[PDB]
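Before any questions on binding or motion, here is one chain by itself as structure tokens, the form deposited in one PDB entry.
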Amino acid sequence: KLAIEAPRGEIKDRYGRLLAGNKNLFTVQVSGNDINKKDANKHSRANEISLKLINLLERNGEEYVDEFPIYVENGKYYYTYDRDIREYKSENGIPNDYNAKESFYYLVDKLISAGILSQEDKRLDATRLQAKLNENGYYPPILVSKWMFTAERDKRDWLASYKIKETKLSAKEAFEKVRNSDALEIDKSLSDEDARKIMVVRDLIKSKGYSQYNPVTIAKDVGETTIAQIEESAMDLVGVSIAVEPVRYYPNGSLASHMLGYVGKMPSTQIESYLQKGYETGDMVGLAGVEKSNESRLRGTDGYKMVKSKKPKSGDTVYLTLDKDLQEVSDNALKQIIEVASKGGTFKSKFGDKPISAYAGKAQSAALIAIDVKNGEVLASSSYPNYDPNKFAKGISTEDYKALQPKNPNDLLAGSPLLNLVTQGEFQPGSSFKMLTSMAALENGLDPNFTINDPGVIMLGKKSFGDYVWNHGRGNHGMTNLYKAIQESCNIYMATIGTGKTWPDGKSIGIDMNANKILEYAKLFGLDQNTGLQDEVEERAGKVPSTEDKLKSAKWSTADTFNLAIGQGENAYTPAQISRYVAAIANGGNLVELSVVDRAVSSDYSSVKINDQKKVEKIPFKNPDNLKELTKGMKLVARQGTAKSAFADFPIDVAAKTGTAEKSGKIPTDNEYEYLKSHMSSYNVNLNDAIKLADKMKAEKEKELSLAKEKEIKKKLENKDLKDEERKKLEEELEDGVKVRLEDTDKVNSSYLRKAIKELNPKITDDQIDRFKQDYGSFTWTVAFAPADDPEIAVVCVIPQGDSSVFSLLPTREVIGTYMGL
């Protein structure tokens, strides 16, 4: 019974253009049996052929599998195992001199402090506590049982297999054992550079198991020269052969990488899982995006033979909803606005260029989605930075995935390229949320023409709330009704109808409006629900701030109402959510369930519409004609409002709202205590003096708590009728002396170091102490639907930390333009 693998189903675009398909490659395979069987010779020919093969490939410039666990970086021998531990610790802020148990709890402490666990949960059966981490999404490479790192155990089991049960820690000395090994018995005459090159092949073959099912692929892709010299030089290279193997390939490279996703190695965690589902070991699998969601479908139905014969059926071809041609525009447009904002320059546009400032340097990431407002079909979805799915095809999880794929600063809004910002970046909505505020107000009787003489600022607090024009110059909007409000983005107007009062001069207006009702409408526009993509691709949906979860643990502040009413406060939603919200305005008030997987076609050209059952459910508005006001305003934004700069001389009637959201405060560090330490000098304090003092403050608190604990125990002991067993426990506490200890978390250890800094420099502020941390920063937005009077397309474009609002409009214009067939 042999393993005949089915050809992987293709992924195509809406119109049938190949996005992901298969191609054949020449691999160099090596037979274990053949290379290292002997008859009369003491030594097999293995190490002689091994050394010959690598050198051959090396000369010809062929890339070859090298998963031998000891490397040479600068005459220094290092374990891959070990590098893997200390690289894991960096990415969580665990001090590299922490052992596995210490490393483990550090990660628990991390999440308790973060409101993900409780201080009580902190102690449990480690297995139950690991089970709490895993289901919660943190998989930390540690064996709870022996309190040791997986990759350290694997270092044991490797030295066990070459019968080196003596674990004196060594890399170069261990290399020699394995070289001069019983089971490999290399020539002592040879070079140490040559020996490793042999061990590469010898360890490959040895790691694949005892029974040695089939040959072993030593090089996954080779030129015409090698295939000649391996077939030619056949008499030397006994076990060596050429095979043809199919690989996955993405013709258009990184185009739509996140939606498509990628195939790679089974994550070793799950190998067991996949072998129970009937996969072979060498098999590649869907790891992200549609490649993963439709893994079963694309996998096909593989076949078998005996040879002591049934044909495999190929995977169904999966058609996405994306337009290959609209996707290119959106990927290219996002790529431009970041690379031009990098340094400086200008943005080229089929629809008339614009130069952009150089000092917009903080902007690294960006996202954009365009959907069919009638049926939720996702026509283009684009997140930057991104990745070439082709680099995972072969199975490069060792290094190049660790080199460039996870990124700064373990907060993904500016960071990792694997992240699909369109479905996984929760951002502050911005002022797009203003048509949502307005809708609810309109629906509580507001007259669009209600006009106010614009202060530019409310001074309800000691602190001030004001229009952007009033925050820069002494600003004003003057005579403002809803239409001018939406058109120039007046924040005051929005606060006033938000609260349904006038501040602070008259209080109530003719309408019953409040933060709860603003969130009631946010809910109705489906900002509380998953988009529809949740089961097609990786999505991390936002949640509408719960008014109910405030009460059960007073009401909403009338400055929590102000912010919330202009897309600030705890609002935080994916751009794909915002896409549905805007679609509902655009399509007369219908909440469309989004789709990115359109249909599938079998080998036998049978088809099926997958996005067939996608809810298009009518939002129960007290009067959907109200949505016509939101448009009327949104059109003025394009005609003579904030977005006039880009949309005024534009063939298409476009309804747009701009935005920019400032999220307050700093992004917390991996390790607060290390932070304070590494920044002590800049606070004009001495580390030793700071540390010493912090320890004194802790010892001072430990005493204070001991004294009180003592009083408490003595008081319990004064209680007559206190069953003996308890009286004995309370006595056994005291009987030695009570010595209370603070936990020795990072939250605690740091709390004191901070307190000590504040003493030793009595003028320094908290903000000054925290200046070196990353800012959550600003995010600049644009949402639009076209053509305004009979809309077909809704587009949403976010650039976190973009300078002007023009960065958001320019990709939204290119995409609108291209869709409309200009």
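For the two forms, the rigid core is made up of the largest set of C-alpha atoms that agree within 1.5 Å on superposition. Numbering starts at 1 and runs along the sequence shown.
One more form of this protein should be noted, the form deposited in another entry, which is absent from this view; the next part is about it.
Among the residues 315, 641, 239, 264, the single one whose Cα moves by at least 2 Å between this form and the one not shown, once the core is superposed, is 239. Positional change of residue 789 between this form and the one not shown stays under 2 Å at the C-alpha, relative to the superposed core.
Core-superposed comparison between this form and the one not shown: the CA of residue 369 stays below a 2 Å shift.
Relative to the superposed core, residue 253 undergoes a Cα shift smaller than 2 Å between this form and the one not shown.
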